[PDB]
Amino acid sequence: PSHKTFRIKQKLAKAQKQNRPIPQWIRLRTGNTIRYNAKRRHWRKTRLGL
Amino acid sequence: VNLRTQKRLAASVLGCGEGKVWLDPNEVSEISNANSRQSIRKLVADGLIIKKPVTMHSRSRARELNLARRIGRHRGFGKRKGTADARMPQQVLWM
Amino acid sequence: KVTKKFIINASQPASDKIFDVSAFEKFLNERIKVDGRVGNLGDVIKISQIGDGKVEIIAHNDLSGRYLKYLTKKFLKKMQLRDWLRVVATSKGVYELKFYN
Amino acid sequence: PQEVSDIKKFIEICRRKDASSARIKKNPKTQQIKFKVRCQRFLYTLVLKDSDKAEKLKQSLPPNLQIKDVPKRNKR
RNA sequence: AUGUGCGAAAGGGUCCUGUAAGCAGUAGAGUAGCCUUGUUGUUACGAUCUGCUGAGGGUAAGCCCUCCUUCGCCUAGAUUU
RNA sequence: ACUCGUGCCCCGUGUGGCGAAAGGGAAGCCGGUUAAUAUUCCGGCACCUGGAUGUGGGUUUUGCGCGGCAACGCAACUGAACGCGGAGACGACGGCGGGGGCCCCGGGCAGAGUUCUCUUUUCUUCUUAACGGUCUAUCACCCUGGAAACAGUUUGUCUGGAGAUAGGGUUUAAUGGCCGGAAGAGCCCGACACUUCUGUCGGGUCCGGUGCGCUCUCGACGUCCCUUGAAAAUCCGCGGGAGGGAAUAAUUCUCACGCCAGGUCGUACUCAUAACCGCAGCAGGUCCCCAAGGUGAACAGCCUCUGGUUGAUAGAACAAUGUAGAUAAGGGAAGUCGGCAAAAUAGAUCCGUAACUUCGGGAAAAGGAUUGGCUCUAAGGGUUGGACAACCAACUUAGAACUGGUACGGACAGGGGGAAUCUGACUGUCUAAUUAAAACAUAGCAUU
RNA sequence: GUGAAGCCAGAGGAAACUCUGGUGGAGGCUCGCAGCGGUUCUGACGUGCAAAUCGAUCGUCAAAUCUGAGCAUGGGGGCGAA
Ligand SMILES: [Mg+2]
Ligand SMILES: [Mg+2]
Ligand SMILES: [Mg+2]
Ligand SMILES: [Mg+2]
Ligand SMILES: [Mg+2]
Ligand SMILES: [Mg+2]
Ligand SMILES: [Mg+2]
Ligand SMILES: [Mg+2]
Ligand SMILES: [Mg+2]
Ligand SMILES: [Mg+2]
Ligand SMILES: [Mg+2]
Ligand SMILES: [Mg+2]
Ligand SMILES: [Mg+2]
Ligand SMILES: [Mg+2]
Ligand SMILES: [Mg+2]
Ligand SMILES: [Mg+2]
Ligand SMILES: [Mg+2]
Ligand SMILES: [Mg+2]
Ligand SMILES: [Mg+2]
Ligand SMILES: [Mg+2]
Ligand SMILES: [Mg+2]
Ligand SMILES: [Mg+2]
Ligand SMILES: [Mg+2]
Ligand SMILES: [Mg+2]
Ligand SMILES: [Mg+2]
Ligand SMILES: [Mg+2]
Ligand SMILES: [Mg+2]
Ligand SMILES: [Mg+2]
Ligand SMILES: [Mg+2]
Ligand SMILES: [Mg+2]
Ligand SMILES: [Mg+2]
Ligand SMILES: [Mg+2]
Ligand SMILES: [Mg+2]
Ligand SMILES: [Mg+2]
Ligand SMILES: [Mg+2]
Ligand SMILES: [Mg+2]
Ligand SMILES: [Mg+2]
Ligand SMILES: [Mg+2]
Ligand SMILES: [Mg+2]
Ligand SMILES: [Mg+2]
Ligand SMILES: [Mg+2]
Ligand SMILES: [Mg+2]
Ligand SMILES: [Mg+2]
Ligand SMILES: [Mg+2]
Ligand SMILES: [Mg+2]
Ligand SMILES: [Mg+2]
Ligand SMILES: [Mg+2]
Ligand SMILES: [Mg+2]
Ligand SMILES: [Mg+2]
Ligand SMILES: [Mg+2]
Ligand SMILES: [Mg+2]
Ligand SMILES: [Mg+2]
Ligand SMILES: [Mg+2]
Ligand SMILES: [Mg+2]
């Protein structure tokens, strides 16, 4: 809702900041195995528990 | 060429609904570059964006019926659906 | 008796020779209504022209400049000049014809 | 906003230390002249019906505080 | 694939409905607004009625006729034996 | 109370926190602005709370205002403890009255639509915030006076020797009038600049009426209860009278003006046939606010304006069987476990209405007639003159003639009815997802 | 829609209380819209739109009416117009 607590707002901020694809230069490092962001979350797919 | 943004901005600027906003069919490319309320106002002043007039809705037939009923033309027993008290309350008459 | 003054200015189309001022004057004669009746001018309304492409309206009743504009539009529609001529007002009691096409 | 009834109280208000500015609004259609002075809390308006008293009040007002004439169609 | 051809209109016929829009009345229960002392006083509203008007509208979409009503079209294109 | 914090003197019955983004509660409105925020930004114009000390004003000098018969008034006009009171602070419903907004009607202004013909025509605009000043606005209260031949009075009631009618006042109560705000805004027209930088400049922005209208709010009445419909924080008044108050100087001031400050967190967007929950972009579910015109009793159905959509895989054809919507000659339940389904009835006005009954009902019992259009007539009000005339204003009812398709609640909307039996008195409740019932509950009765 | 108390007026009679016009606006009254519910079609659907929905028809609709948020009762426990 528009009414939010500071804690809830902060956690939403953290989720928004984590919602991104991985950097491209990561895949160029030696020994890299990360192909894509496996913890990607979408507001329509997976509900975050507050 | 997508003009939904232009239609929304023109509706906001003109204070009408988006169904009354008229965009020039022959100036679509020029209108698509507006992107701002100042430019929308400029296009409105230039006449490329126009607020369409409201759809007609007249009360002439209602007024004619009211006058005909004043002279008593459409108030027979076949024109009444409510009871006598619903049409003219006895309490109001007594008051 | 109170007197009201109106002016209809057709100077531009009159000079361009597309507006017939005398025909318009006779149109007011045959169309203006007093007491809900046509042909009852009865010296309460006088509609003589004043030469310079203008028709002058003396009224001794509550004759309305919009009735006048309505009659002017009716005459323009009758003579088929609505597509080029329009009736505008810029000050009190004066309506003139202007080209727009 | 507050209305000032008489010229003496209006000028006494204009002499105040907190008087910031003043402006004359001329309404020719009503033949009215309004002298408005902006103080800290309130805007004080004095209404006059003639131009002679308006001119004499304008020339008798304190000269330190600035006076404007309210141009038609004030810009944003 | 030149035809008693095919198609689109139109016309006529058949059929269905029921007398179109507009104009005019001395027909219309009446009413009003100016005058001539009325006998149509001239007008202005008025469901409706009468005449033009068995009119007008529709009619093959699975109705009929038109080698001499009108306007178009044609001896193809492709596949297989 | 001291140069310095630490020396004392009074009161005491109490002596925690959390708990409402719909309860209580200090204070902000208008215009403009962005791609996306705005009662938060910008401009103008305000308010509240707290703290400080000024200028003016008022009061006094052994003292703490003045006026009014009074209700009370006025710009202030001292007031500790201790106490008293008020506000916060309260149900549901009914009719009535006032106010705002909306709707409607008339005239005018500007623009637009129509204009074979007709239409002084149809539509749209014509605005005024918070905050203040000023004048009013029912109930109540005060003064005079003393009422039966009782009077005043509401739609309803009620009121009066515990003092009515009447006359004159005081006062609570603006979403009322005028003024400031404020036309400088907003809006509407009209005319001149131009790659842009700049738009610029003219004008206008009105007056009335109406009402069982809709919505909100306020007021005075009234009804119901074996039902009587929060608390606290906070704010105010008073009883009391503790302290203190330089005849040439401050003045323990709720008056006017003036000075300083107001931290923290939320604020996008959706709120749903796609932003939530139902595994999903699911015909389900999910709490509110605002609420136009016509018909009509009516937020019924049906049509329309503003606003919003035109989104739900498409094209062609029209077999059977379907799903949904209907119609059928004659018969009219012969069908079937069973009138299941469907049909029939239906609004309003006027007639007429049985058995039975707990006298309240039954009852819309049963049944019958009328209903359109047009042209008229009558009645039902307010104001002024001088018993009539004139002016103003809506609707509601009744009567008559004419007329057509013998039709008129022309769509929509809208009871089938009666004679009985079993059963539960009735209203109400339950097996969410096969049972709504005669089951449960109930008032009443009785027992412990 | 019906029209309970209370109230006004007029008729009778001798009394007492009879009657008749009105006013009024009571009721776990009634028709009926929204809401709430869920009778029948034993309709649709029945690998559905849906792990209970859809349509028509129905019950109730001013009070044992409907409903939000906060709070309480926790498994042999709770709560139950059962
Ligand atoms: Mg009514
Ligand atoms: Mg033919
Ligand atoms: Mg004809
Ligand atoms: Mg004929
Ligand atoms: Mg024919
Ligand atoms: Mg081959
Ligand atoms: Mg708390
Ligand atoms: Mg609150
Ligand atoms: Mg501010
Ligand atoms: Mg600002
Ligand atoms: Mg302060
Ligand atoms: Mg002093
Ligand atoms: Mg409360
Ligand atoms: Mg209405
Ligand atoms: Mg009007
Ligand atoms: Mg104002
Ligand atoms: Mg008195
Ligand atoms: Mg003003
Ligand atoms: Mg102006
Ligand atoms: Mg309400
Ligand atoms: Mg009202
Ligand atoms: Mg928002
Ligand atoms: Mg979901
Ligand atoms: Mg849903
Ligand atoms: Mg309506
Ligand atoms: Mg009506
Ligand atoms: Mg309706
Ligand atoms: Mg929308
Ligand atoms: Mg689909
Ligand atoms: Mg069938
Ligand atoms: Mg049959
Ligand atoms: Mg038959
Ligand atoms: Mg039969
Ligand atoms: Mg049988
Ligand atoms: Mg059989
Ligand atoms: Mg049935
Ligand atoms: Mg039926
Ligand atoms: Mg009875
Ligand atoms: Mg019976
Ligand atoms: Mg009957
Ligand atoms: Mg008749
Ligand atoms: Mg009938
Ligand atoms: Mg029924
Ligand atoms: Mg029962
Ligand atoms: Mg229950
Ligand atoms: Mg069940
Ligand atoms: Mg079970
Ligand atoms: Mg069931
Ligand atoms: Mg009931
Ligand atoms: Mg339901
Ligand atoms: Mg079934
Ligand atoms: Mg199936
Ligand atoms: Mg269902
Ligand atoms: Mg059906």
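Numbered from 1 within each chain, the chains take letters A, B, ... in sequence-line order.
- For F:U119, the base has a donor-acceptor partner in the side chain of C:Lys74 [N/O atoms by modelled type, under 3.5 angstrom].
- Base pairing analysis places F:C255 opposite F:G56; the two distances defining the Watson-Crick or G-U wobble pair are each below 3.5 Å.
- Nearest to the side chain of D:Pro1, among F:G266, F:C123, F:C131, sits F:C131.
- Taking only side-chain atoms of B:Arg69, from C-beta outward, the nucleotide of F:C118, F:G181, F:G296 with the closest atom is F:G296.
- Distance D:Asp18 CG to F:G258 P: 5 Å, rounded to the nearest Å.
- Nearest to the side-chain atoms of B:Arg87 among the listed nucleotides F:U267, F:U397, F:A35 stands F:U397.
- In terms of phosphate contacts, D:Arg41 brings a side-chain nitrogen or oxygen within less than 4.0 Å of OP1 or OP2 of F:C257.
- C:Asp20 places a side-chain N or O within donor-acceptor distance of the main-chain N or O of C:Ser22, the cut-off being under 3.5 Å.
- Contact check, C:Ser64 against F:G108: a side-chain N or O comes under 4.0 Å of OP1 or OP2.
- Between B:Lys20 and F:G307 there is a side-chain N or O to OP1 or OP2 distance below 4.0 Å.
- Computed from coordinates, the B:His57 NE2 to F:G294 P distance equals 8 Å when rounded to whole Å.
- Distances were taken from every side-chain heavy atom of A:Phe6 (C-beta onward) to each of F:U114, F:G180, F:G266; the shortest belongs to F:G266.
- Of the candidates F:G184, F:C116, F:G180, the closest approach to any side-chain atom of C:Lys78 belongs to F:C116.
- If you check F:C48 against F:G262, you find a Watson-Crick or G-U wobble pair, both contacts below 3.5 Å.
- Annotation: side chain of D:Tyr44 is in contact with side chain of D:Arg16 (closest heavy-atom distance under 4.5 Å).
- Sequence neighbours left out, the pairs with a member in residues 60-76 of chain D that pass salt bridge (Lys or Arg N to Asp or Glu O under 4.0 Å) are D:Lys26-D:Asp69.
- When distances are taken from the side chain of D:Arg73 to each of F:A398, F:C201, F:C374, the shortest belongs to F:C201.
- At a cut-off of 3.5 angstrom, counting only N and O atoms as typed in the model, there is no donor on one side facing an acceptor on the other between the side-chain of C:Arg37 and the base of E:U43.
- For the pair D:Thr45/D:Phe10, no side-chain contact is recorded, criterion being any heavy-atom separation below 4.5 Å from C-beta on.
- Across the strands present, G:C49 finds no partner; the criterion is a Watson-Crick or G-U wobble pair with both atom distances under 3.5 angstrom.
- Distance B:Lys81 NZ to F:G296 P: 9 Å, rounded to the nearest Å.
- Judged by distance alone with a 3.5 Å cut-off, a donor-acceptor contact links the side chain of D:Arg23 to the base of F:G184.
- Between F:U371 and F:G347, a Watson-Crick or G-U wobble pair is formed, both defining distances falling under 3.5 Å.
- Of the candidates B:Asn2, B:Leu3, B:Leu23, B:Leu3 is the only one forming a side-chain contact (heavy atoms from CB on, under 4.5 Å) with B:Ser32.
- No hydrogens or angles were tested; on distance alone, a donor-acceptor pair under 3.5 Å links the side chain of D:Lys36 to the base of F:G184.
- Checking F:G184, F:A183, F:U306 against every side-chain atom of D:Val70, the shortest atom distance belongs to F:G184.
- Here F:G43 presents its P atom at 12 Å from CZ of D:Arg76, a figure rounded to the nearest Å.
- Listed candidates were F:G281, F:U119, F:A35. Nearest to the side chain of C:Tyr70 is F:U119.
- Using the sign of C1'-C2'-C3'-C4' as the criterion, F:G44 is classed as a north pucker.
- For the OP1/OP2 pair of F:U34 and a distance below 4.0 Å, the side-chain nitrogens and oxygens of B:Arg8 include no atom meeting the criterion.
- Nucleotides F:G243 and F:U78 are base-paired: the Watson-Crick or wobble atom pairs both lie closer than 3.5 Å.
- Taking atom NZ of residue B:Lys7 and atom P of nucleotide F:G308, one finds them 11 Å apart after rounding to whole Å.
- For C:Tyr95 and C:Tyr70, the gap between ring centers reaches or exceeds 6.0 Å.
- F:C131 atom P lies 15 Å from atom CD of D:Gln2, rounded to whole Å.
- No Watson-Crick or G-U wobble pair links F:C10 with F:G331 when both atom distances must be under 3.5 Å.
- With a 3.5 Å ceiling on both atom-pair distances, F:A147 lacks any Watson-Crick or G-U wobble partner.
- Nucleotide F:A27: unpaired (no Watson-Crick or G-U wobble partner with both distances less than 3.5 Å).
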